[PDB]
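Peer 1: Input: one structure, supplied below.
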Ligand SMILES: [Zn+2]
Ligand SMILES: [Zn+2]
Ligand SMILES: [Zn+2]
Ligand SMILES: [Zn+2]
Ligand SMILES: [Zn+2]
Ligand SMILES: [Zn+2]
Ligand SMILES: [Zn+2]
Ligand SMILES: [Zn+2]
Ligand SMILES: [Zn+2]
């Protein structure tokens, strides 16, 4: 049960996560690993955006899969 | 008396000086082995840039001490 | 005085060309071409003083009728032996 | 809790000092982390008419910025009808944990007097304001006149 | 019982050649013989006792590969390409024509053994380079044991590595065959041309196959010119377009020196012929006067003059000079020694900071002339650094590119090669 | 050559104090000041040297930000409970600890941490940060953040793209030359992809964005995100000011979202920002070949396994070990040839048809066909007990394939040198 996150600086990293976990907790894990505050991140998988409502299993996140990270500058 | 000048990468230079030898003369003595005209060369000692017209003994240098050498590609 | 009775010399044979690539198969001009190599392979000369293997230039002229270094018309000028 | 200890002394200082631009410092003495206040401008057309502001101090104060909410409506190029202002003195990129809230007050009031048509969240309104300034001094005047408060 | 045998046989063979040490590193015979002995002994061991199961033969082969590729001889000369070189040298030293005549049976047997030691090595291209070089030498100099032996060795190499491996050697051999054929036709066509005074013979090679370079700037004497031109015109007749680039640096003949007192008969190279034929008229030429007429290069002329002066045919102005080491100047006489005498006849008279300097010059000339062309810049930087060193043109281009990406210059907009001063 | 190196986090952290010592040898300032100044110059020694020694200092120091109750908690404390930077402001260590902790644990700002008091901008060194906080995990987080900043800001270092390799490839100067970093991966140091021998980096990017059969997130990224002009990170906007400020680690550069230009003039006084039939067929052909080769290069484990299994099985039927050795070598060459043909197709896409392109697209078809025949030989025709011909066939085939691919690479590189292609 591991997935891959492609960071802004290349540096692909791997996450340990359970299929019942939510995107907010995923963001918290990414924040702990790298340092990006978990509120200007967007995670993109399979060409569709990842909101905060549903979960990885809902989004049909497989195992040993990659999902990208982009910034969410506002204001 | 024998002093040395260190380049930025780390290569070492041996030069003998006379008390009345001038900074420009030292630049030439550098160039006879480094091929760098004195406009590009700069000489560094005690954090202060070595003035062009001065004498090696003015700074009260004693031999052995390194007068660190730095390049400058503009050099006026 | 005369001091000459015998002589044995060594000479290298080579095609009478100025550059050596054949510019079609990119092989050395003296070697075999790209089809005779995957197994009587002479050189042909062009009226513009260009030379290639015979088999390479044959296929090239079979498809397009242009000398492939100078996009001009092509006609045979001297074979090789 | 340190938020409360700081805010009580800051509020006491503001009240004791007295100001010519801030009136009606209304605050719930129990929660004490929310402020309701009335500001009054001087420059037209916003001078005609009073209007109110609500401040929400977050839990982690003064180590996080106090978000400000602009309750009463107003016709300003740099203010949303929902009541959101940008005010770079507060954005999380520059909030320094020593600035007294009155400095925020003067910064906001200076924003009110002087518009910024180059950082707009009402794009068409700001473009028109930067185009034909003369009429909007009346256009916003009616809106404030019918939607301000008693000063 | 497999994994253990491999460890024993590899360990045993390694120290067998360690004993010879440096004595092998210059004598391939002992090295190849030792490897062969170890292999033969343990092949005989696993041939009968172990019934020749696949695993044991696999162990033998793996260990032989291991201890042939790296061992003491490899380490002492510090590379892995010292075993194939030694094998090639052994094969050459076996196929040369020595005083001893090789018996066909034992020759074939020994070549069969060399094939084994070859099939174990792991870099079969260095071996081809060295074998090609040595075969070229001993074919050109007519110094070979048996043409059947040469053909057999090439045939088994082809069997063990394929038609592409041994194409150069096959061409290199058929060339000597065609040369032998063509010389007879020249002799036949020669019945009607009356060759001036000499017995002529030539060996006409190919170009891509043999490892030889063009020539060494020689000016032919007038003695051989008739034969040279007649053969070149004959060759141009039988073929359409073909260009003989004669190379005299490796070619030999025979003199008769019918000027001394006892009718000797010399035997030397073409450079010797040029020099000695020069002295047909007079005997008071110097090094400069010689290079005026023979056009030979200074170093080769010095070598040839020294080798002649080692013999008593030519003598300096001094009589007891140690001609082996004394080097001479362009204004130095050479005297023909008229009284030379040899005890016999038929003599055989033969044998970075630099990058930083690049960048400094680049920026200096740039600020001197802001706008200027690439090739002219190359010339100017070469002039500025001539007293120091001549950096390679790729190195200068590289430093130019590094300085471009370091923001001290940028190629002008729209042109591939034109540099403007970064401001 | 291409001199490079591999390190880990601890060595890449210690090399920082190494560089600090190197520069401070001649600067003669305390370590904190040197670190600040150098970090402002993207860790380039000579730039700092020339900008420090070109004239005045105080302008640089202002350009680098270096030069009774508490005002934060409003409580009284002993004079032993007040500390502050060299700017003059004085606070207490409880507020210091909480401020630094919240900053570096909830904002990620590791290196650019400024003085708390209003209006000040004197940033905080390393020693003070270590001297105030007390937790250990916070300290290690700070170390990790500054190390990541050091790597990303520098242009001689690069994290390995492998999903878990923790290694930086320190090199002397970047030229898109492949390197390997001991985790088993080799990549193009300049673009981060796998090594691509003939094709240039930019065409590889343009082709890999729309690879058209592997990923779709690139379409989203193009359709909804620009890139920061300064730090080059993909940014998605959902605000309204149009006055974007890059909230990266140390790219605090503010600009305009639409024109993507600097914001200082822009919006200041008066400036206002406001495939038919042949193409898809050509793309279809090239992408078909590229995807086929990608599939085959993905299944390379199965090819090794299957040839190994047939290798053993053929060995047990009274066949020795050296045969199956040549078989392994053949497989290796086959894989290399497919790997090169892959990027050769990419190169041959973006290429306008001229004379020197039909030559290339006629050579690569031949190498394609020979690769296919070799792969056809292996599977079936290694069947059984026909070694003496199949071995010859396979050796002849793979030497030919290797020679041809070397010719293709040389053709491409010569064309680049001679400016002979047109797109
Ligand atoms: Zn042919
Ligand atoms: Zn050809
Ligand atoms: Zn032509
Ligand atoms: Zn405090
Ligand atoms: Zn301060
Ligand atoms: Zn790696
Ligand atoms: Zn690349
Ligand atoms: Zn940026
Ligand atoms: Zn714009």
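A quick note on method: Cβ atoms are made from the backbone with ideal geometry, for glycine too, and the neighbour counts reach across all protein chains shown. Values in this text are rule-based calculations from the coordinates and carry no lab data.
Peer 1: Rounded to the nearest whole Å³, what is the per residue volume of the convex hull around the Cα atoms of chain A?
Peer 2: Numbers: hull volume 6.8 nm³, N = 75.
It comes to 91 Å³ per residue, whole-number rounded.
Peer 1: log₁₀ I(q)/I(0) of chain C at q = 0.11, 0.16, 0.19, 0.22 Å⁻¹, via Debye over equal Cα point scatterers, no solvent, to two decimals?
Peer 2: -0.37, -0.61, -0.82, -1.06
Peer 1: Ok, one more. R0 = 51 Å: FRET efficiency of residue D:15 with residue F:223, Cβ-based, nearest 0.05?
Peer 2: Working: r = 55 Å, r/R0 = 1.07.
Plugging the Cβ-Cβ distance into 1/(1 + (r/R0)^6) gives 0.40.
Peer 1: Computed from the mean reciprocal separation of all distinct C-alpha pairs, what Kirkwood hydrodynamic radius does chain F have, in Å? If you can, show how the numbers build up before the last one.
Peer 2: On the way: mean 1/r = 0.0367 Å⁻¹.
It is 27.3 Å.
Peer 1: Averaged over peptide A:63-73, how many Cβ atoms belonging to another chain are found within 10 Å of each residue's Cβ? All intermediate terms of the calculation are to be shown ahead of the outcome.
Peer 2: Working: counts 0, 1, 0, 3, 1, 6, 2, 9, 10, 6, 13.
Partner Cβ neighbours, averaged per residue: 5.
Peer 1: Counting only the backbone N, which residues of the range E:1-32 are under 19 Å from the spot 7 Å out from the Cα of residue E:49 toward its beta-carbon?
Peer 2: E:1-16
Peer 1: Tell me the relative contact order for the range E:1-79 as a rounded percent, counting alpha carbon contacts under 8 Å between residues six or more apart.
Peer 2: Numbers: 57 pairs, mean separation 39.9, N = 79.
Reported relative contact order: 50 percent.
Peer 1: Where Rh is the Kirkwood radius over the Cα pairs of the range F:141-294, the temperature 20 °C and the viscosity 1.002 mPa s, what D in µm²/s does Stokes-Einstein return? Mind dumping the intermediate values first?
Peer 2: Values: Rh = 19.1 Å.
Value of D from the Cα-based Kirkwood radius: 112 µm²/s.
Peer 1: Separate question: Order of E:154, E:275 from fewest to most other C-beta atoms within 10 Å?
Peer 2: Working: E:154 17, E:275 23.
Ordered from fewest to most neighbouring Cβ atoms within 10 Å, E:154, E:275 come out as E:154, E:275.
Peer 1: Sticking with this structure for a sec: Quick check: convex hull of the Cα atoms in the range F:273-332, volume per residue, rounded to a whole Å³? If you can, show how the numbers build up before the last one.
Peer 2: Numbers: hull volume 9.3 nm³, N = 60.
Cα convex hull per residue, to the nearest whole number: 156 Å³.
Peer 1: Could you pull the Rg and Dmax for the range E:337-423, using just the Cα atoms, both in Å?
Peer 2: Here Rg and the maximum Cα pair distance are 25.4, 83 Å.
Peer 1: With n ≥ 4 as the cut-off for DSSP H runs, can you work out [θ] at 222 nm for the protein assembly as shown, using -39500 (n - 2.57) per run divided by the number of residues, rounded to the nearest 500?
Peer 2: Details: 38 runs with 541 residues, N = 1229.
Result for the protein assembly as shown, helices only: -14000 deg cm²/dmol.
Peer 1: Can you give me the relative contact order of the range E:195-268 as a percent, contacts being Cα pairs under 8 Å and 6 or more apart? Mind showing how you got there, number by number?
Peer 2: Details: 40 pairs, mean separation 19.4, N = 74.
Reported as a whole number, the value is 26 percent.
Peer 1: Please compute the contact order of the range E:80-194 in relative form: average sequence separation of alpha-carbon pairs under 8 Å and at least six residues apart, divided by the residue count, as a percent. Intermediate results must be reported in sequence, preceding the final value.
Peer 2: Working: 57 pairs, mean separation 37.6, N = 115.
Relative contact order comes out at 33 percent.
Peer 1: Still on this structure, I have one more. Which of the three applies to chain E, rounded, prolate or oblate, going by the alpha-carbon gyration tensor with a ≥ b ≥ c and a/c under 1.5 meaning rounded? All intermediate terms of the calculation are to be shown ahead of the outcome.
Peer 2: On the way: a/c = 1.86, a/b = 1.08, b/c = 1.72.
Note, shape of chain E comes out oblate.
Peer 1: Then there's this: Which value, in Å to one decimal place, does the Kirkwood hydrodynamic radius take for the range F:238-394 when every pair of different Cα atoms is included?
Peer 2: Values: mean 1/r = 0.0478 Å⁻¹.
Mean inverse Cα-Cα distance, inverted, gives 20.9 Å.
Peer 1: Continuing with this model, one more query. Mind jotting down a quarter of the surface of the convex hull over the alpha carbons of the range F:79-153, in square nanometres, one decimal? Before the final figure, lay out each step's value.
Peer 2: Values: hull surface 21.1 nm².
Orientation-averaged projected area of the Cα hull: 5.3 nm².
Peer 1: If packing is taken as the average number of other Cβ atoms within 10 Å across a peptide's residues, how do F:306-312, D:16-22, F:31-37, E:232-238 rank, most packed first? Working shown, then result.
Peer 2: Values: F:306-312: 14.6, D:16-22: 10.4, F:31-37: 18.7, E:232-238: 12.9.
Ranked by mean Cβ neighbours within 10 Å, highest first: F:31-37, F:306-312, E:232-238, D:16-22.
Peer 1: Shifting gears a bit: Give the order of F:188, C:41 when sorted by the count of other beta carbons within 10 angstrom, beginning with the fewest.
Peer 2: Values: F:188 19, C:41 14.
Lowest to highest Cβ neighbour count: C:41, F:188.
Peer 1: Does the range D:105-148 come out rounded, prolate or oblate by the C-alpha gyration tensor, with a ≥ b ≥ c the root eigenvalues, rounded set by a/c under 1.5 and, if not, prolate when a/b is larger than b/c and oblate if not? Numbers along the way, then the final one.
Peer 2: Details: a/c = 1.91, a/b = 1.07, b/c = 1.79.
Taking the square roots of the gyration eigenvalues as a ≥ b ≥ c, the range D:105-148 is oblate.
Peer 1: Hey, another quick one. Using only the Cα atoms of the range E:1-79, what are the Rg and Dmax in Å?
Peer 2: 13.1, 39
Peer 1: Also, I was wondering about something else. If r is the Cβ-Cβ distance from residue E:123 to residue C:5 and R0 is 41 Å, what FRET efficiency results, to the nearest 0.05?
Peer 2: Working: r = 47 Å, r/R0 = 1.15.
According to the calculation, E is roughly 0.30.
Peer 1: In the range F:193-283, what is the volume of the convex hull around the alpha carbon atoms, normalised per residue and reported in Å³?
Peer 2: Working: hull volume 16.5 nm³, N = 91.
Given the Cα convex hull of the range F:193-283, per-residue volume reads 181 Å³.
Peer 1: By counting other Cβ atoms within 10 Å of each Cβ, how are B:27, C:62, B:22 ranked from fewest to most?
Peer 2: Values: B:27 21, C:62 8, B:22 17.
Ranking B:27, C:62, B:22 by Cβ neighbours within 10 Å, fewest first, gives C:62, B:22, B:27.
Peer 1: I would also like to ask the following. Taking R0 as 60 Å, what FRET efficiency do you get between residue E:225 and residue B:33 from their Cβ-Cβ distance, rounded to the nearest 0.05? Don't skip to the end; give the middle numbers.
Peer 2: On the way: r = 56 Å, r/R0 = 0.93.
In this case the efficiency is close to 0.60.
Peer 1: Then there is this: How far apart, in nm, are two points set 7 Å out from the Cα along the Cα-to-Cβ line at residue A:66 and at residue F:275?
Peer 2: Distance between label points: 2.4 nm.
Peer 1: Can you list, largest first and rounded to whole Å, the semi-axes you get for chain D by taking the square root of 5 times each eigenvalue of its Cα gyration tensor? Intermediate values should be presented prior to the final figure.
Peer 2: Values: eigenvalues 167, 62, 30 Å².
The answer is 29, 18, 12 Å, longest axis first.
Peer 1: Does the range B:1-70 classify as rounded, prolate or oblate by the C-alpha gyration tensor (a ≥ b ≥ c root eigenvalues; a/c under 1.5 gives rounded; else a/b over b/c gives prolate, otherwise oblate)? Present the calculation step by step, with values, prior to reporting the outcome.
Peer 2: Numbers: a/c = 1.30, a/b = 1.19, b/c = 1.09.
Since a/c stays below 1.5, the shape of the range B:1-70 is classed as rounded.
Peer 1: Let me ask something else. With a Cα-only, solvent-free Debye model of the range E:195-268, what are the log10 I(q)/I(0) values at q = 0.19, 0.25 Å⁻¹?
Peer 2: So the normalised log intensities are -1.00, -1.43.
Peer 1: Rg and Dmax in Å for the protein assembly as shown, alpha carbons only: what are they?
Peer 2: Expressed in Å, the Cα Rg and Dmax of the protein assembly as shown come to 42.6, 144.
Peer 1: What fraction of the DSSP beta bridges in the protein assembly as shown is antiparallel, stated in percent and rounded to the nearest 5? Display every interim value, and only then the final one.
Peer 2: On the way: 69 of 81 bridges.
DSSP beta bridges in the protein assembly as shown are roughly 85 percent antiparallel.
Peer 1: Follow-up. Under a plain spin-label model, where a point goes 7 Å from the Cα along Cα-to-Cβ, how far apart in nm are residue F:51 and residue F:25?
Peer 2: 2.2
Peer 1: With each label point set 7 Å from Cα along the Cα-Cβ vector, what nm distance links residue F:423 and residue F:77?
Peer 2: Reported label-point gap for residue F:423 and residue F:77 is 6.1 nm.
Peer 1: Turning to a different aspect of this structure: Can you give the average number of partner chain beta-carbon atoms within 10 Å of each beta-carbon in peptide E:195-206, as a whole number?
Peer 2: Working: counts 0, 1, 3, 5, 5, 4, 4, 5, 4, 5, 5, 4.
Neighbouring Cβ atoms belonging to other protein chains average 4 per residue here.
Peer 1: OK, next. Take the Cα radius of gyration of the range F:351-402 and divide it by 2.2 N^0.38 Å, with N its residue count; two decimals is plenty.
Peer 2: Values: Rg = 15.2 Å, N = 52, 2.2 N^0.38 = 9.9 Å.
That works out to 1.54 for the range F:351-402.
Peer 1: Sticking with this one: Under the √(5λ) rule applied to the eigenvalues of the Cα gyration tensor, what semi-axes describe the equivalent ellipsoid of the range E:39-198? Give them in Å, descending.
Peer 2: Working: eigenvalues 319, 59, 43 Å².
Over the Cα atoms of the range E:39-198, the semi-axes work out to 40, 17, 15 Å.
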